[PDB]
Amino acid sequence: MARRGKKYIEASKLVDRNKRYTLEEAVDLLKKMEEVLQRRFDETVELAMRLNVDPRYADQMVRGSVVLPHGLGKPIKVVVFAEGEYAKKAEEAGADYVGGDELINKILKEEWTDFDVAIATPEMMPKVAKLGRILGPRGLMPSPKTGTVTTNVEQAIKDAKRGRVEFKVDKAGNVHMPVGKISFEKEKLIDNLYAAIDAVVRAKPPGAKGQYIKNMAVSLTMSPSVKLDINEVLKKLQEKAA
């Protein structure tokens with residue numbers, strides 16, 4: 001498709017390079033970007049924060065959850081990659097699709113992605129990796145950052161079913177949160193974004209020193225990023241609270 005790349009750079013031209021945007025500006029750009037990108041799946045809206053923490057220490061771990069104000073109409077369809085004891089727990093907890101090598105091969109070979117969230121045990125991730133190419137782009141790859149790689153499958157399934165978004169900073173201090181679909185009306189996306197940003201703000205650990213947030217940006221899965229103005233956003237956020 002000698003079309004897709006023309007579309008990517010056009011969408012990039014919408015962003016002022018070193019410009020740092022308000023949430024309301026950014027969601028406006030995301031929508032304009034999608035107008036150009038015209039993707040055939042409903043792109044996930046992604047929040048990226050880099051935090052000033054070394055999570056090697058317990059007291060600098062950034063970990064939490066938040067029920068975004070606006071999510072997809074329920075029920076949320078949940079796939080769990082699991083074997084043995086964990087598969088039983090998975091289905092007991094109400095997972096829609098529970099499976100191992102067969103499930104994984106069905107997804108890859110039939111290009112079947114009819115579900116809202118994927119969770120995997122740590123033991124299954126090595127087998128799940130080959131799903132990176134179909135799931136990655138659709139925001140469906142199980143990841144520790146979304147807390148979707150775990151042996152505590154029951155709590156992860158229930159959290160997904162309730163729209164509780166889980167986050168966990170990585171070793172480099174980066175948090176990634178999906179905060180809705182681009183198909184959502186903007187007012188909803190702005191709401192979800194304050195909600196998510198506030199949650200990470202409140203997760204500030206006791207060992208966190210100096211300037212907590214070092215970078216913030218929002219993206220669609222396959223679009224350029226929009227940098228956010230950290231101090232503006234935190235001001236807007238504080239002004240609506242205390």
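Residue numbers start at 1 and run along the sequence shown.
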**Request:** Report yes or no: does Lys168 contribute a side-chain atom to a donor-acceptor pair with the main-chain N or O of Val62 at less than 3.5 Å?
**Result:** no
**Asked** Can the positive tip of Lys19 be found less than 6.0 Å from the middle of the six-membered ring of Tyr21, inside 45° of the ring normal?
**Response** yes
**Minimum heavy-atom distance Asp96-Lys161, with the two atoms named** = OD2-NZ, 2.8 Å
**Asked** Under a 4.5 Å cut-off applied to non-hydrogen side-chain atoms, are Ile119 and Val79 in contact?
**Response** no
**Fill in**
Closest non-hydrogen contact found for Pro137 with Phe41 is O-CE1, 3.6 Å
**Message:** Do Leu234 and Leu51 land in one hydrophobic cluster if side-chain heavy atoms of ILVMFWY residues count as linked below 4.5 Å?
**Reply:** yes
**Complete:** Between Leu140 and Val117 the two heavy atoms that sit nearest each other are CD2-N, 4.0 Å
**Message:** Between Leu189 and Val218, is there a side-chain heavy-atom distance shorter than 4.5 Å?
**Reply:** no
**Request:** Check for a donor-acceptor pair, side chain of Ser223 on one end and backbone N or O of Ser219 on the other, with a separation under 3.5 Å.
**Result:** no
**Complete:** Correct closest heavy-atom pair for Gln60 and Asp54 would be OE1-N, 2.6 Å
**Asked** Ignoring hydrogens and geometry, is there a side-chain-to-backbone donor-acceptor pair from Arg56 to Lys171 under 3.5 Å?
**Response** no
**Message:** Quick one: does any side-chain atom of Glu123 pair with a main-chain N or O of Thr121 as donor and acceptor, under 3.5 Å?
**Reply:** no
**Asked** Distance-only, no hydrogens or angles: does the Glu46 side chain make a donor-acceptor pair with backbone N or O of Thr221 under 3.5 Å?
**Response** no
**Request:** Salt-bridge test for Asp114 and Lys77: reply yes if a basic N is under 4.0 Å from a carboxylate O, no otherwise.
**Result:** no
**Request:** Kindly say whether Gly173 contributes a backbone atom to a donor-acceptor pair with the side chain of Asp170 at under 3.5 angstrom?
**Result:** yes
**Item:** Side-chain heavy-atom pair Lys130, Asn105 within 4.5 angstrom cut-off
**Value:** yes
**Message:** Check whether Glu85 reaches the backbone of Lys89 with its side chain - one donor and one acceptor, N or O, closer than 3.5 Å.
**Reply:** no
**Request:** Can you spot which of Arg20, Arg50, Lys227 makes a side chain to side chain donor-acceptor pair (under 3.5 Å) with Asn215?
**Result:** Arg50
**Prompt:** Is the backbone of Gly139 close enough, under 3.5 Å, to the side chain of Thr44 for a donor and an acceptor to pair up by distance?
**Reply:** no
**Prompt:** Hey, are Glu83 and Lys127 close enough for a salt bridge, meaning a charged N less than 4.0 Å from a carboxylate O?
**Reply:** yes
